[PDB]
file model-v7.cif (mmCIF, C-alpha atoms)
data_my_file
#
loop_
_atom_site.label_atom_id
_atom_site.label_comp_id
_atom_site.auth_asym_id
_atom_site.auth_seq_id
_atom_site.Cartn_x
_atom_site.Cartn_y
_atom_site.Cartn_z
CA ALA V 2 27.13 18.75 58.81
CA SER V 3 27.64 15.30 60.48
CA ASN V 4 30.28 14.55 63.16
CA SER V 5 33.07 17.10 63.63
CA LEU V 6 31.81 18.32 66.99
CA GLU V 7 28.13 18.62 66.19
CA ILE V 8 28.01 15.38 68.18
CA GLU V 9 29.06 17.47 71.18
CA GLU V 10 26.22 20.02 71.09
CA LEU V 11 23.82 17.22 70.31
CA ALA V 12 24.73 15.43 73.54
CA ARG V 13 24.38 18.91 75.10
CA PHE V 14 20.95 19.09 73.54
CA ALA V 15 19.96 15.64 74.92
CA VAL V 16 21.03 16.41 78.44
CA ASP V 17 18.85 19.56 78.63
CA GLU V 18 15.94 17.55 77.31
CA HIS V 19 16.40 15.00 80.06
CA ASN V 20 16.32 18.01 82.44
CA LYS V 21 12.71 18.79 81.36
CA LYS V 22 11.16 15.35 80.78
CA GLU V 23 12.62 14.14 84.11
CA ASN V 24 13.00 17.61 85.61
CA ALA V 25 16.66 17.37 86.80
CA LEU V 26 19.71 19.65 86.41
CA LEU V 27 22.58 17.46 85.19
CA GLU V 28 25.65 19.36 83.95
CA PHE V 29 27.35 18.10 80.78
CA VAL V 30 31.04 17.09 81.13
CA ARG V 31 31.94 15.50 77.72
CA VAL V 32 30.90 12.86 75.15
CA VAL V 33 32.64 9.55 75.50
CA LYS V 34 31.53 7.28 72.74
CA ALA V 35 29.09 7.91 69.82
CA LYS V 36 27.43 5.83 67.03
CA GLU V 37 26.00 7.77 64.08
CA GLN V 38 23.49 6.18 61.77
CA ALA V 39 22.35 7.99 58.66
CA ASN V 40 19.93 7.23 55.80
CA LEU V 41 20.19 8.73 52.32
CA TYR V 42 17.88 8.44 49.36
CA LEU V 43 19.20 9.40 45.92
CA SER V 44 21.80 11.42 47.85
CA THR V 45 19.14 13.31 49.76
CA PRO V 46 19.92 12.85 53.44
CA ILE V 47 16.64 11.83 55.15
CA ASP V 48 17.30 10.87 58.68
CA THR V 49 19.98 10.28 61.38
CA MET V 50 19.95 8.27 64.65
CA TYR V 51 22.72 9.04 67.13
CA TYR V 52 23.30 6.53 69.95
CA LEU V 53 25.37 8.71 72.33
CA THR V 54 27.25 7.48 75.41
CA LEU V 55 27.55 10.43 77.70
CA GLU V 56 29.18 11.83 80.83
CA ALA V 57 27.32 14.32 82.99
CA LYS V 58 27.48 15.48 86.61
CA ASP V 59 24.20 14.31 88.29
CA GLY V 60 23.97 17.32 90.57
CA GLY V 61 27.48 16.51 91.87
CA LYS V 62 29.68 13.60 90.67
CA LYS V 63 30.43 12.41 87.07
CA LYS V 64 28.19 9.58 85.63
CA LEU V 65 27.46 7.45 82.55
CA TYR V 66 24.35 7.86 80.51
CA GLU V 67 23.29 6.20 77.24
CA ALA V 68 21.19 8.62 75.09
CA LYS V 69 19.34 8.05 71.81
CA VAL V 70 18.78 11.12 69.66
CA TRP V 71 17.00 11.16 66.36
CA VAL V 72 17.47 14.07 63.94
CA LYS V 73 15.15 14.36 60.94
CA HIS V 74 16.52 16.36 58.04
CA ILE V 75 14.16 18.70 56.29
CA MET V 76 15.67 19.36 52.90
CA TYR V 77 14.27 22.10 50.82
CA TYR V 78 10.59 22.84 51.32
CA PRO V 79 10.19 25.09 53.24
CA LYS V 80 13.89 25.65 53.93
CA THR V 81 16.55 23.27 55.09
CA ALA V 82 16.35 22.48 58.79
CA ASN V 83 16.57 19.74 61.41
CA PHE V 84 14.22 18.21 63.85
CA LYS V 85 15.96 16.99 67.01
CA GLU V 86 14.20 14.51 69.30
CA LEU V 87 15.61 12.87 72.41
CA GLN V 88 14.01 9.44 72.82
CA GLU V 89 15.93 7.56 75.55
CA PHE V 90 18.27 8.73 78.27
CA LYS V 91 19.24 5.73 80.38
CA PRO V 92 22.46 5.80 82.60
CA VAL V 93 24.41 2.55 82.28
CA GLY V 94 27.58 1.59 84.29
CA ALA Z 2 -8.77 13.03 66.93
CA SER Z 3 -7.27 9.55 67.10
CA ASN Z 4 -8.90 7.42 64.51
CA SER Z 5 -9.97 4.09 65.84
CA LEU Z 6 -9.53 2.03 62.63
CA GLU Z 7 -6.12 3.46 61.98
CA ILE Z 8 -4.98 2.57 65.49
CA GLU Z 9 -6.60 -0.78 65.18
CA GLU Z 10 -4.37 -1.47 62.17
CA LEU Z 11 -1.33 -0.09 63.83
CA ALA Z 12 -1.98 -2.63 66.53
CA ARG Z 13 -2.51 -5.42 64.02
CA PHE Z 14 0.91 -4.52 62.76
CA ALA Z 15 2.30 -4.59 66.32
CA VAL Z 16 1.15 -8.17 66.83
CA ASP Z 17 2.40 -9.27 63.38
CA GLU Z 18 5.81 -7.83 63.96
CA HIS Z 19 6.00 -9.56 67.36
CA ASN Z 20 5.02 -12.90 65.93
CA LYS Z 21 7.80 -12.57 63.26
CA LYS Z 22 10.53 -11.49 65.63
CA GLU Z 23 9.79 -14.12 68.33
CA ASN Z 24 8.15 -17.00 66.51
CA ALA Z 25 5.07 -16.53 68.69
CA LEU Z 26 1.48 -16.91 67.51
CA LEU Z 27 -0.45 -14.21 69.35
CA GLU Z 28 -3.93 -13.64 67.87
CA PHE Z 29 -5.09 -9.98 67.82
CA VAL Z 30 -8.47 -9.28 69.35
CA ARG Z 31 -8.89 -5.54 69.98
CA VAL Z 32 -7.17 -2.34 71.13
CA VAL Z 33 -8.18 -1.12 74.58
CA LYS Z 34 -6.51 2.32 75.12
CA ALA Z 35 -4.02 4.23 73.06
CA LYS Z 36 -2.07 7.45 73.47
CA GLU Z 37 -0.84 8.99 70.19
CA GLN Z 38 1.93 11.53 70.18
CA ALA Z 39 2.83 13.37 66.93
CA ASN Z 40 5.23 16.13 65.97
CA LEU Z 41 4.77 18.69 63.24
CA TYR Z 42 7.58 21.09 62.40
CA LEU Z 43 7.84 23.81 59.75
CA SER Z 44 4.35 22.86 58.53
CA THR Z 45 5.27 19.19 57.91
CA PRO Z 46 4.57 16.11 59.98
CA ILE Z 47 7.68 14.55 61.27
CA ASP Z 48 6.85 11.40 63.24
CA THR Z 49 4.24 9.90 65.52
CA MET Z 50 4.67 7.64 68.57
CA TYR Z 51 1.85 5.22 69.41
CA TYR Z 52 1.41 3.73 72.85
CA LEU Z 53 -1.07 0.80 72.57
CA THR Z 54 -2.74 -1.30 75.19
CA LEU Z 55 -3.85 -4.28 73.33
CA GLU Z 56 -5.70 -7.59 73.84
CA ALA Z 57 -4.52 -10.73 72.09
CA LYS Z 58 -5.16 -14.45 72.55
CA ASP Z 59 -2.14 -16.44 73.81
CA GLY Z 60 -2.52 -20.14 73.29
CA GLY Z 61 -6.23 -19.19 73.36
CA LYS Z 62 -6.28 -17.04 76.53
CA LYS Z 63 -6.92 -13.32 76.11
CA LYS Z 64 -4.22 -11.30 77.84
CA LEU Z 65 -3.28 -7.64 77.70
CA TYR Z 66 -0.13 -6.32 76.12
CA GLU Z 67 1.47 -2.92 75.71
CA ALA Z 68 3.33 -1.85 72.53
CA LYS Z 69 5.13 1.22 71.30
CA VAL Z 70 4.93 1.84 67.59
CA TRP Z 71 6.86 4.60 65.91
CA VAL Z 72 5.83 5.91 62.56
CA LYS Z 73 8.13 8.12 60.60
CA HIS Z 74 6.51 10.25 57.86
CA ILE Z 75 8.18 10.89 54.56
CA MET Z 76 6.25 13.81 53.21
CA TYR Z 77 6.95 15.19 49.77
CA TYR Z 78 10.28 14.21 48.40
CA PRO Z 79 10.49 10.75 47.50
CA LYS Z 80 6.72 10.09 47.46
CA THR Z 81 4.55 10.39 50.55
CA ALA Z 82 5.16 7.40 52.83
CA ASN Z 83 5.16 6.16 56.42
CA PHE Z 84 7.76 3.79 57.86
CA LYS Z 85 6.53 1.91 60.97
CA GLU Z 86 8.73 0.14 63.47
CA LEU Z 87 7.77 -1.78 66.59
CA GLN Z 88 9.77 -0.93 69.67
CA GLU Z 89 8.88 -2.71 72.87
CA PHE Z 90 6.06 -5.25 72.88
CA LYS Z 91 5.64 -6.64 76.37
CA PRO Z 92 2.66 -8.10 78.37
CA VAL Z 93 1.13 -5.92 81.08
CA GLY Z 94 1.73 -7.93 84.25
#
call {"tool": "encode", "arguments": {"input": "model-v7.cif", "output": "structure tokens"}}
result
Amino acid sequence: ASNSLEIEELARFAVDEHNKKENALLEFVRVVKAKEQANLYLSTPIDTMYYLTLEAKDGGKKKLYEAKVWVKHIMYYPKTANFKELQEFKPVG
Amino acid sequence: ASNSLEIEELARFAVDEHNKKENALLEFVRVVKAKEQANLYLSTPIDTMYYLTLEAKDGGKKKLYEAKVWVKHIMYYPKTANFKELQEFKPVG
């Protein structure tokens, strides 16, 4: 589904993926602030961009990161699934 | 294999989109280098990111630019399509 707390594990997902691309080990505290943007077409959900504002411990003390995660919804062929892609992980204030 | 003509058009698009968004009048000349990064998941293409290094005339002087084009692929459902969007078009100085 969308929201609920899926937005938690998605931020969790983004962190990890900043730990490869930039080879770090941040630990995830919590999500602060999230924007969800979804596209439907004749009630088939296509696509969702999540602008997450995040809080993780950069090897030590809590900090503020702005992440952009894009999830592409695969509807029926060949099974319903999701494609998660981190595409911006840029600490802010 | 990257296809040169297809990239060349993708770059023509980059320059057109930049001219719209910033009331500039850059004149495309050629594409110099490109990196092309695509995802396929559950036997369907998902998206492709295009990093273009690009030569355009500016008031008549050929400078280099660098653009990021993202192409999202709609595959089967509501017709096969590709949605392009320009993100980041800056000179290479």
call {"tool": "resolve_selection", "arguments": {"input": "model-v7.cif", "expression": "the PyMOL selection byres ((chain V) within 12 of (chain Z))", "output": "VMD selection string"}}
result
chain V and resid 41 to 48 71 to 86 88
call {"tool": "write_last_selection", "arguments": {"input": "model-v7.cif", "atoms": "C-alpha atoms", "output": "compact mmCIF listing (two decimals), in the frame of the given file"}}
result
# COMPACT_ATOMS: atom_id res chain seq x y z
CA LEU V 41 20.19 8.73 52.32
CA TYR V 42 17.88 8.44 49.36
CA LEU V 43 19.20 9.40 45.92
CA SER V 44 21.80 11.42 47.85
CA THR V 45 19.14 13.31 49.76
CA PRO V 46 19.92 12.85 53.44
CA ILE V 47 16.64 11.83 55.15
CA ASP V 48 17.30 10.87 58.68
CA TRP V 71 17.00 11.16 66.36
CA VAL V 72 17.47 14.07 63.94
CA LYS V 73 15.15 14.36 60.94
CA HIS V 74 16.52 16.36 58.04
CA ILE V 75 14.16 18.70 56.29
CA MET V 76 15.67 19.36 52.90
CA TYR V 77 14.27 22.10 50.82
CA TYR V 78 10.59 22.84 51.32
CA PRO V 79 10.19 25.09 53.24
CA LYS V 80 13.89 25.65 53.93
CA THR V 81 16.55 23.27 55.09
CA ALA V 82 16.35 22.48 58.79
CA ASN V 83 16.57 19.74 61.41
CA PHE V 84 14.22 18.21 63.85
CA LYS V 85 15.96 16.99 67.01
CA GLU V 86 14.20 14.51 69.30
CA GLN V 88 14.01 9.44 72.82
call {"tool": "resolve_selection", "arguments": {"input": "model-v7.cif", "expression": "the PyMOL selection byres ((chain Z and resi 53-56) around 8)", "output": "ChimeraX atom specification"}}
result
/Z:12,29-36,51-52,57-58,63-70
call {"tool": "write_last_selection", "arguments": {"input": "model-v7.cif", "atoms": "C-alpha atoms", "output": "PDB file, in the coordinates of the input"}}
result
ATOM      1  CA  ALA Z  12      -1.980  -2.630  66.530  1.00  0.00           C
ATOM      2  CA  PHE Z  29      -5.090  -9.980  67.820  1.00  0.00           C
ATOM      3  CA  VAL Z  30      -8.470  -9.280  69.350  1.00  0.00           C
ATOM      4  CA  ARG Z  31      -8.890  -5.540  69.980  1.00  0.00           C
ATOM      5  CA  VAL Z  32      -7.170  -2.340  71.130  1.00  0.00           C
ATOM      6  CA  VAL Z  33      -8.180  -1.120  74.580  1.00  0.00           C
ATOM      7  CA  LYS Z  34      -6.510   2.320  75.120  1.00  0.00           C
ATOM      8  CA  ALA Z  35      -4.020   4.230  73.060  1.00  0.00           C
ATOM      9  CA  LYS Z  36      -2.070   7.450  73.470  1.00  0.00           C
ATOM     10  CA  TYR Z  51       1.850   5.220  69.410  1.00  0.00           C
ATOM     11  CA  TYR Z  52       1.410   3.730  72.850  1.00  0.00           C
ATOM     12  CA  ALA Z  57      -4.520 -10.730  72.090  1.00  0.00           C
ATOM     13  CA  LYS Z  58      -5.160 -14.450  72.550  1.00  0.00           C
ATOM     14  CA  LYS Z  63      -6.920 -13.320  76.110  1.00  0.00           C
ATOM     15  CA  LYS Z  64      -4.220 -11.300  77.840  1.00  0.00           C
ATOM     16  CA  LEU Z  65      -3.280  -7.640  77.700  1.00  0.00           C
ATOM     17  CA  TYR Z  66      -0.130  -6.320  76.120  1.00  0.00           C
ATOM     18  CA  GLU Z  67       1.470  -2.920  75.710  1.00  0.00           C
ATOM     19  CA  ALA Z  68       3.330  -1.850  72.530  1.00  0.00           C
ATOM     20  CA  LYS Z  69       5.130   1.220  71.300  1.00  0.00           C
ATOM     21  CA  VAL Z  70       4.930   1.840  67.590  1.00  0.00           C
TER      22      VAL Z  70
END
call {"tool": "calpha_fit_rmsd", "arguments": {"input": "model-v7.cif", "fixed": "chain Z", "moving": "chain V"}}
result
1.4 Å
call {"tool": "resolve_selection", "arguments": {"input": "model-v7.cif", "expression": "the PyMOL selection byres ((chain Z and resi 16) around 9)", "output": "ChimeraX atom specification"}}
result
/Z:11-15,17-21,26-29,57,68,90
call {"tool": "atom_distance", "arguments": {"input": "model-v7.cif", "atom1": "atom CA of residue 23 of chain V", "atom2": "atom CA of residue 61 of chain V"}}
result
16.9 Å
call {"tool": "atom_distance", "arguments": {"input": "model-v7.cif", "atom1": "atom CA of residue 25 of chain Z", "atom2": "atom CA of residue 60 of chain Z"}}
result
9.6 Å
call {"tool": "atom_distance", "arguments": {"input": "model-v7.cif", "atom1": "atom CA of residue 38 of chain V", "atom2": "atom CA of residue 92 of chain V"}}
result
20.9 Å
call {"tool": "build_atoms", "arguments": {"input": "model-v7.cif", "residues": "segment 28-47 of chain Z", "atoms": "N, CA, C and O atoms", "output": "CSV table (one decimal), in the coordinates of the input"}}
result
chain,number,residue,atom,x,y,z
Z,28,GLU,N,-2.8,-13.9,68.8
Z,28,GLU,CA,-3.9,-13.6,67.9
Z,28,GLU,C,-4.6,-12.3,68.3
Z,28,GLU,O,-5.2,-12.3,69.4
Z,29,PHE,N,-4.5,-11.3,67.5
Z,29,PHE,CA,-5.1,-10.0,67.8
Z,29,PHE,C,-6.6,-10.1,68.1
Z,29,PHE,O,-7.3,-10.9,67.4
Z,30,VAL,N,-7.1,-9.3,69.1
Z,30,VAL,CA,-8.5,-9.3,69.4
Z,30,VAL,C,-9.0,-7.9,69.3
Z,30,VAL,O,-10.0,-7.6,68.6
Z,31,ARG,N,-8.5,-6.9,70.0
Z,31,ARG,CA,-8.9,-5.5,70.0
Z,31,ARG,C,-7.9,-4.6,70.7
Z,31,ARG,O,-7.0,-5.1,71.4
Z,32,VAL,N,-8.0,-3.3,70.5
Z,32,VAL,CA,-7.2,-2.3,71.1
Z,32,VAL,C,-8.0,-1.8,72.2
Z,32,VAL,O,-9.2,-1.4,72.0
Z,33,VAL,N,-7.4,-1.6,73.4
Z,33,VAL,CA,-8.2,-1.1,74.6
Z,33,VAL,C,-8.0,0.4,74.8
Z,33,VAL,O,-9.1,1.1,74.9
Z,34,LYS,N,-6.8,0.9,74.9
Z,34,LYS,CA,-6.5,2.3,75.1
Z,34,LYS,C,-5.3,2.6,74.2
Z,34,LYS,O,-4.5,1.7,74.0
Z,35,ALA,N,-5.2,3.9,73.8
Z,35,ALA,CA,-4.0,4.2,73.1
Z,35,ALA,C,-3.8,5.7,73.3
Z,35,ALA,O,-4.8,6.4,73.5
Z,36,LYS,N,-2.5,6.1,73.4
Z,36,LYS,CA,-2.1,7.4,73.5
Z,36,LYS,C,-1.3,7.6,72.1
Z,36,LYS,O,-0.7,6.7,71.7
Z,37,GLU,N,-1.4,8.8,71.5
Z,37,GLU,CA,-0.8,9.0,70.2
Z,37,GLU,C,-0.2,10.3,70.2
Z,37,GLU,O,-0.8,11.3,70.5
Z,38,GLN,N,1.1,10.4,69.9
Z,38,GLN,CA,1.9,11.5,70.2
Z,38,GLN,C,2.6,11.9,68.9
Z,38,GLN,O,3.5,11.1,68.4
Z,39,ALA,N,2.3,13.0,68.2
Z,39,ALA,CA,2.8,13.4,66.9
Z,39,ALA,C,3.5,14.7,67.0
Z,39,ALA,O,3.2,15.6,67.7
Z,40,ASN,N,4.5,14.9,66.1
Z,40,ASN,CA,5.2,16.1,66.0
Z,40,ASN,C,5.0,16.7,64.6
Z,40,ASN,O,5.0,15.9,63.6
Z,41,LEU,N,4.8,18.0,64.5
Z,41,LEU,CA,4.8,18.7,63.2
Z,41,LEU,C,5.8,19.8,63.4
Z,41,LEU,O,5.8,20.5,64.4
Z,42,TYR,N,6.6,20.0,62.4
Z,42,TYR,CA,7.6,21.1,62.4
Z,42,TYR,C,7.7,21.7,61.0
Z,42,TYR,O,7.6,21.0,60.0
Z,43,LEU,N,7.8,23.1,61.0
Z,43,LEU,CA,7.8,23.8,59.8
Z,43,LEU,C,6.8,23.3,58.7
Z,43,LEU,O,7.1,23.0,57.6
Z,44,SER,N,5.6,23.2,59.3
Z,44,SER,CA,4.4,22.9,58.5
Z,44,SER,C,4.4,21.5,57.9
Z,44,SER,O,3.7,21.2,56.9
Z,45,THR,N,5.2,20.6,58.4
Z,45,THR,CA,5.3,19.2,57.9
Z,45,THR,C,5.3,18.2,59.0
Z,45,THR,O,6.1,18.3,60.0
Z,46,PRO,N,4.5,17.1,58.9
Z,46,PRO,CA,4.6,16.1,60.0
Z,46,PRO,C,5.9,15.3,59.9
Z,46,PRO,O,6.4,15.0,58.9
Z,47,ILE,N,6.4,15.1,61.1
Z,47,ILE,CA,7.7,14.6,61.3
Z,47,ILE,C,7.6,13.1,61.6
Z,47,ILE,O,8.1,12.3,60.9
